[PDB]
Structures are given as structure tokens and as C-alpha cells.
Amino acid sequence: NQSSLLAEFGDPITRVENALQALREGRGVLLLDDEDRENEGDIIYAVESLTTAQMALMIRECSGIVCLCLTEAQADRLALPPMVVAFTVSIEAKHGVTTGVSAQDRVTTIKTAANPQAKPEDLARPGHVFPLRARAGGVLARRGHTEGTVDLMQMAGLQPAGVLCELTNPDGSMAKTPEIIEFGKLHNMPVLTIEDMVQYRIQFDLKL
């Protein structure tokens, strides 16, 4: 079962603690959601430590639809409305980029958007970076990779902005627990679940 497969990453509390330390070290983590939800694994990176190499791995090994998980406050600061009456309108840096799709341009757009001093005019719309508004309460309100990203950053003591993308197998199928475990071992990325995070937050009265 999933718990048996992830037991080599440790018990749920150790899986959360190892992931938080990986992010504090500027490294990525793999977050699995519920098996009855998407049963999908996402590469997660802190924006504060984001590099062109990390973005290039995400584009090469994931869907290529790299999402920028922001707080509702940061999304409001950037005047980002929902795309349709939690994908917001897509975004590009107004300055510092060319076509916007290059790993470097996506990082330039992500850093511009996550800047706590950012202004809406810093971002042109539409673009090739997809911001997602995290629900207030995080995984304790909505059990999605969007909320897991903000909560991982807040619990690691980092800026509440992270990038996520769905790990995709070479044949186009979406990675399932065994493929995610192998990818994490190969790329030294800790693997954890939203369930691990929810129980960690409830046990450590972790209001964020």
C-alpha cells in the first residue's frame, strides 16, 4: 500500500520534517495528494531559492504547466482575478524576459510576482506562468497541491510563495506513487502526502 511504499521516507512526521528541511536547504520536494483525489505527485520548490536549473527540471520532467502558488493577499496585491467566473489569468514579467517560455523567463516572472513589494504593472497578462490562489487555512481547508505548497513554505519559515507542476512519465501518463518514489531517490527530493501535512499541522496546533 502507499503507507508501506512511503515508510522508507520515514513515518508521517519525519516525511514532513525532511521535506521542510529540503526547502530550507533550497531543494525541491515531491507532494502526493489523496489517492481518491488526483493521486498525482507534484515537484514543489520555494520561489526564494528558485533557479533556472530547477525550472528546467520541472519543465523537462512535469506537465510544463508550472503554477505559482500565492497567498490571497499577494494575488490581490498583483490585481489577479480568477481566470473564469483556482487558476488566475496567466502572467509574464513586463521587463527582463523575451517570449516568456524559457526556464529563465518563467523564474523572472515568478520572482517578479512573488516579490512582497510587487505592483500589478510589474506583470503583463496573458503569459506562460499560471498563478494559483491558496485557500485560507491551507491543507486544513483544501487538500490540494496549491495549499500544500504555501503550507510547506510557511512551516519551513520561508516566503509564502512556491512553484508546483505535476510529475509526468515519459509516455505522457501521470506519475503514480512508485514512479514518484524512484524520481525522489534519483533527484534527492523528500516525498510526503497532504495527509502527512494535515496530521502534522493538527498535532502541532500549527495555525499559519
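So that there is no doubt, residue numbering starts at 1 and follows the sequence shown. Superpose the two forms; the largest set of C-alphas matching within 1.5 Å is the rigid core.
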Item to check | Stretch farther from the shown model on average in 6 other deposited structures of this protein, with CA RMS computed after core superposition (136-144, 34-42) | outcome: 34-42
Checklist outcome for this item: With the rigid core as the fit reference, the stretch showing the greater C-alpha departure in 6 other deposited structures of this protein, 118-126 or 74-82, is 74-82
Checklist entry - Do the C-alpha atoms of 119-127 or of 75-83 have the higher average B factor in the entry? => result 75-83
Next on the checklist: Can you tell me whether 151-159 has a higher mean C-alpha B factor than 53-61 in this record, or the other way round?
Outcome noted: 151-159
Checklist outcome for this item: Entry-reported C-alpha B-factor of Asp33 relative to its chain, by third, is lowest
Item to check | Entry-reported Cα temperature factor of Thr99, expressed as the chain third it lands in | outcome: lowest
Checklist outcome for this item: Quick tally, chain-level thirds of C-alpha B-factors: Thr112 sits in the middle
Checklist entry - Lowest, middle or highest third: where is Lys176 by C-alpha B factor in its chain? => result highest
Next on the checklist: Could you place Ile44 in the lowest, middle or highest third of its chain by Cα temperature factor, using the values in the record?
Outcome noted: lowest
